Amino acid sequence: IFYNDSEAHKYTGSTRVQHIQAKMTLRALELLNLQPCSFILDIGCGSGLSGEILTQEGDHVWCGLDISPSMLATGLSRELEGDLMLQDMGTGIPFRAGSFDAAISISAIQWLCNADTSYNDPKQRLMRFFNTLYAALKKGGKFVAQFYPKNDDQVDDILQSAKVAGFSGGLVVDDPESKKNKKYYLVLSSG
C-alpha cells in the first residue's frame, strides 16, 4: 500500500501535478488518434485527472480502474462522468471480450514491476495484465500507456509481455535528451 487520504489529496490538489498529468493525457490521446464518443478503459485512473480529459477532449465514455481507495475517494468529489472501480490491474481486466474501443494509462503500469502487493511474480501479473487487456479490447483496439521505467530491462520486459499477448506497435519517447523531462509512451494495437 502506498497512498493514504492525506497524500491522495496533496497529489490531486497540486497544480504542478495537474498540469503535467493533463499534458501527458493529451499527448496519449494524440497518440491514440481515436474517433470522438468512444468507449474507453482508464487504467490506474487515480483521482480522475486523466479521466476528466477523456470526457472533455473526446466526449468519451470511460471506466476507471485503481487499486487505491483514497485516490478513488478523492475522485468522488471531482464531478467525474466516468465509472470508478476499485481494482488491481495485475489480476486482470474484468470485462467481457471486445468491450472497449481503447485503453489509456497515465503513470501507472510501472507498478506491475513491483512485487509487494501480491504473491504472484510481477512476470505473471504482467502477463495476466496484457492477456486480459488484449481480450477486453475490440479487434484493432488501441492501448497507450505513459509509464516510468526504472531501467531498460523493465522496458524490454514490458514490451516482451505485450508482444506475447498479441499486441503490435512500439515505444514513443518525448524529449529524450532530457532525462529530467523525457517521457515514455507505450503505443499498441490489438489484432
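The numbering used is simple: start at 1 and walk along the sequence shown.
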### Message
When the Cα temperature factors in the entry are averaged, is it 112-120 or 83-91 that ends up higher?
### Response
112-120
### Mean Cα B-factor comparison, 72-80 or 99-107, giving the higher one as deposited
72-80
#### Entry: Out of 157, 57, 66, 30, residue topping the C-alpha B-factor column of the entry
157
### Query
residue 185's Cα B-factor: lowest, middle or highest third of the chain?
middle
### Query
Going by what the PDB entry lists, where does residue 37 fall on CA B-factor within its chain: lowest, middle or highest third?
lowest
### Task
Tell me, lowest, middle or highest third: where does the Cα B factor of residue 23 rank within its chain?
lowest
### Task
Can you work out whether the C-alpha temperature factor of residue 146 puts it in the lowest, middle or highest third of the chain?
lowest
### Message
Looking at the temperature factor on the CA atom of residue 132, which third of the chain's modelled residues does it land in?
### Response
lowest
